[PDB]
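Under this note's numbering, the first residue of the sequence shown carries the number 3, and numbering increases by one thereafter.
Just so it is clear, CB atoms sit at the ideal spot from N, CA and C, and this is done for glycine as well.
Read the structure below first, then the notes.
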Amino acid sequence: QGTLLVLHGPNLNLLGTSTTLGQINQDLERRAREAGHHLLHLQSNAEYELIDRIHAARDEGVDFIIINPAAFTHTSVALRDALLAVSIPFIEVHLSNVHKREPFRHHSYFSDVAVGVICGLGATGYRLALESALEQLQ
Numbered sequence: 003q004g005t006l007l008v009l010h011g012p013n014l015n016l017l018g019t020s021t022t023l024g025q026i027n028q029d030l031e032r033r034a035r036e037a038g039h040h041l042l043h044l045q046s047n048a049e050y051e052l053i054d055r056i057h058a059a060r061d062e063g064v065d066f067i068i069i070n071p072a073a074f075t076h077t078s079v080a081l082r083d084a085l086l087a088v089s090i091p092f093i094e095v096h097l098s099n100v101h102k103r104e105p106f107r108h109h110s111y112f113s114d115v116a117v118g119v120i121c122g123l124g125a126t127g128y129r130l131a132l133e134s135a136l137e138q139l140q
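Written as structure tokens, this is what we have:
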């Protein structure tokens, strides 16, 4: 029934270069497909590429977003506003537990407008957000 888009923010191209981004993406696509949905993804170190991808999603039939903004979590109001502009619900994912880290990482420009948040559960957090999204879509 639906289309999901997974967005990965900056530096995540280095993951497991220990699970890689490619491994995460293939597992998500597989699980989405088994449940009858279509899943797309993009990683970028460029804020504008992520913004543009979100704008495209509005005009392409995307029903739900799963985003790991990574360092942009704490900085990119522009990505927050892209999500809000297109009115596509999303779940925020973080690999590491930000509460264990520097105070600046405790603030997110996403969390208050996300459906929910998964933090600190490593690469598995993405598939957990996908389980949630599949329910949210019914």
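Beta bridge pairing from DSSP links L85 with no other residue. The C-alpha of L30 lies about 14 Å from the C-alpha of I93.
DSSP places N27 inside the alpha helix (DSSP H), whose first and last residues are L23 to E36.
From the listed residues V100, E137, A34 and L136, the smallest Cα separation to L123 is found for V100. Secondary-structure assignment with DSSP links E94 through a beta bridge to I69 and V119. Between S110 and the set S20, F74 and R35, the nearest pair of CA atoms involves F74.
Between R35 and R129 the beta-carbon gap is near 13 Å, outside 8 Å, which marks them as no contact. When the beta-carbon positions are compared, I56 and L97 stay at least 8 Å from each other.
Take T77, set aside five residues on each side of it, and the residues of its chain with a beta-carbon closer than 8 Å to its own are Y111, in chain order.
Within the same chain, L7 come within 6 Å of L42 by CB-CB distance, once the 5 residues on both sides are set aside.
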